[PDB]
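Okay, so here's just one chain, in structure tokens, the form deposited without the ligand.
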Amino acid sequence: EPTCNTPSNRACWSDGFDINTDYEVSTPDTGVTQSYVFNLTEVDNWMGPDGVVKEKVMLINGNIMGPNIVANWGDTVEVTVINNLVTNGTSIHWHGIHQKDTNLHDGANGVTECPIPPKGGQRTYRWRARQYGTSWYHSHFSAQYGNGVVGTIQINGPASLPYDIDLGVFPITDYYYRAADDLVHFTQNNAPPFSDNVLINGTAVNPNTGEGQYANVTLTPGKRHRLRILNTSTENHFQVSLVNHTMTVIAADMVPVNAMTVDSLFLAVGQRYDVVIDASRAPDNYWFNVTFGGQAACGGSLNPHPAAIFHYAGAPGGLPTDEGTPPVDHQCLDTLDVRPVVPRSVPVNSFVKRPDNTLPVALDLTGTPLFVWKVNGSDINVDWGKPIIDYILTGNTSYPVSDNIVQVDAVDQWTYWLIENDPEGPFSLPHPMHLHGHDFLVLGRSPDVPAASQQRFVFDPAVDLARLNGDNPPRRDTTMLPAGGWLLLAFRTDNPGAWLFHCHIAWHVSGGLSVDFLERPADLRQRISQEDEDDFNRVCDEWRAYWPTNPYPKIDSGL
């Protein structure tokens, strides 16, 4: 753990480990393990934080969110998940945790494991904390995490800027009264709805009844505070800001970045931002605002002004008085100005669009249901009863077309992927793309234009090769795919396994927007221990025995 990490020197951690250490290839071994136990229950007619009683929710240990995972850079995190839901199977994915050589602990049901059966099923996840920062976890059993199976992850380590207080996690999520399975069914033939409310750190005031309450953050006058903001929504994409205050980003997702002071921030579904706010203003109460932009192209809420209160220690304690000015419209796009502390460099002068490096996203309105998302001609649909890893363990290469298997044999090399966002269809929407097992490099994207303008673009070397940047570009696990445009990413094949690459909007991945990167399959088998294998077969045997008795059918892709 830490020894030299002080308020005025956060760059220091322990001998041989600091903010400049390449955390991707060097990990401190503390020999320490942090354990947790997740009890999943299905609660009917549960009263929410704003006053409304939801029809049904799924909770980890009876709370709106699971427990905050907390550990030090280099420790081992272990979580026993006991599934006490009535019918649903379940899987907990650790969003942001690359799972280096531990693919079978990724929590991607139908891909790296069968779901943990209901009514008592259990399985223990175990992974090493090889990266420090802020992340989160959630179910991957369809849109289940929309009912409550979600929580945060805080792995301590160095920082690119000194600060006095670490305020901790600050999850911002959209909140719907209807249940995930109902919304999934609804979104298969209807446009997605606005969120009934937006929760800031678990709470919110009902805009109709006045019930509920504002999240209350207390700043220590004169001190610099670290705030870890996350967006754990199923659809809503946010914009945040603090009246009369700026924010200095020091981390994008779980990647530390050079200090970048901003006025507001756009956070896509699944993104995080570690910021340092300085209590240098007059003691008072200020509004922390959540606003939307991009003309509803990436979300909207029925609560016109979701917000929290930042109270200065010592000032009166009422509601803030200054409503402030609306932040700039970020047009459903994240900033590409972030520069990671630990650099990366990849050539882009030699890129060339090809069928095997291009992933065309399309919306198919000709079949059933109405809204079906496809990538390279197919809507993904995994088999909960026979994940891809089972094929790997049985020398079976007959992968069904539905699994959208994109095999990458390259050994520890940079791979380039151009994702095209339905440039030829009726209409295109912004899509937050996310990759399991790695942090990709955002080499570039189509020109920034209003998200609703419906302008289209198609990669054109004559103009775009000049727009690409491979000189330490933003590195992270989630970034925005411009509406009607394209996006060029890159990730190094340093981690054998089956990795999902999907859109994090629940409604979409559910509808099929996803592929499965089968990375270095030949090296994969040799690296799966007898234990992960046996337990894999164990959980799969229990799930296969259960399924036939399930009273419900699988309605979507299962992801």
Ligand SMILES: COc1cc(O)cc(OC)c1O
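All residue numbers are counted from 1 along the displayed sequence.
If you look for the form deposited with the ligand bound, you will not find it shown, but the lines that follow are about it.
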Sole residue of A191, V411, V458, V463 within 4.5 Å of the ligand in the deposited bound form, by heavy atom: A191
The single option of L489, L429, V341, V348 touching the ligand in the deposited bound form, heavy atom within 4.5 Å: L429
Stretch from 470-478, 296-304, 442-450, 126-134 whose residues place a heavy atom within 4.5 Å of the ligand in the deposited bound form: 296-304
Any non-hydrogen atom of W373 within 4.5 angstroms of the ligand in the deposited bound form: yes
Contacts with the ligand in the deposited bound form - residues in 476-512 whose heavy atoms fall within 4.5 Å: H508
